[PDB]
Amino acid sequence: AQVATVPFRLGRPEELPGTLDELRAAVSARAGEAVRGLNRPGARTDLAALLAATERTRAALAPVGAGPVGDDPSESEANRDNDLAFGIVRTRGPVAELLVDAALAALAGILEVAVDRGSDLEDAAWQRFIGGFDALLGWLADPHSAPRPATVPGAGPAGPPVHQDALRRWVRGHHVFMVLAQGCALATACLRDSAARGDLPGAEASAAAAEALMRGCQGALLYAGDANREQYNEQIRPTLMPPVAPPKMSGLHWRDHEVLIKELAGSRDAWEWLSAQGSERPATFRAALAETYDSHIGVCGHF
């Protein structure tokens, strides 16, 4: 709808790989391809060359999209109406690899608005918001090491509020939601499985990934409220037409989020175990967890 790139191709989060080896054989090749693209020389000079590097990458990548899923018996109309409301199409194929395509796609959608009209988002929250991508692909490229954070160029100050440009950021921002939710649901499921299997180094890297993805979502919830407050201001105009309402998430029941909270649940015994084995991620994750829960206020409706 010219506000966002549609349809947004995405995998089925239930089919996400469940262990660290199944994730590596499935996605480490295409993710390492993406990491090479987003860190090829010159890409991090400013915000422009980063967006250009994003497009060269996903262009060069052989698309795996085996088309829309279609008839899904495990999808409810609560998931479908939630997927429709932001132009999401569940796509067949390598669900892990599709997540790399969705991560590259959603980032480019975010970098477009930031190149033309800057961002009044704070330069510290802007880092974790974009750093969540470096975390996802960096960890997807090597699921057995903690991703090392790369540099993220800054955004210019917010220029002129173009008509419904806060709606572009509102829809494009909710795509990053489903990208980071699937990614964070992975590292939690890997953390659960590695802890049960006695894989301490695997539990560490999985916890390091999930934390950087949690901090990435917190900056995403700020980016969302930045546009939802700019939306609330855009509607003081009395409108003789029926006031077109912004698309909202209907309750807790959108598919990727349903999966993430189920993974975070039941991962309780693994965090205490990491804390007992001398880790420092159980601490800084609980920080990122509560910072994300507080950041829902101003973004989610039933909240």
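One rule holds for the numbers: they count along the sequence shown, beginning at 1.
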| item | value |
| --- | --- |
| Mean Cα B-factor comparison, 254-262 or 234-242, giving the higher one as deposited | 234-242 |
| Higher-scoring stretch by recorded Cα B factor average, 161-169 or 211-219 | 161-169 |
| Peak C-alpha temperature factor (PDB record), options 180, 99, 115, 105 | 115 |
| Within-chain third of residue 41 by Cα B-factor, per the entry | middle |
| Among modelled residues of the same chain, the CA temperature factor third for residue 47 | middle |
| Chain-relative CA temperature factor third for residue 68 | lowest |
| Among modelled residues of the same chain, the CA temperature factor third for residue 227 | middle |
| Residue 127 - which third its CA temperature factor falls in, relative to the rest of the chain | middle |
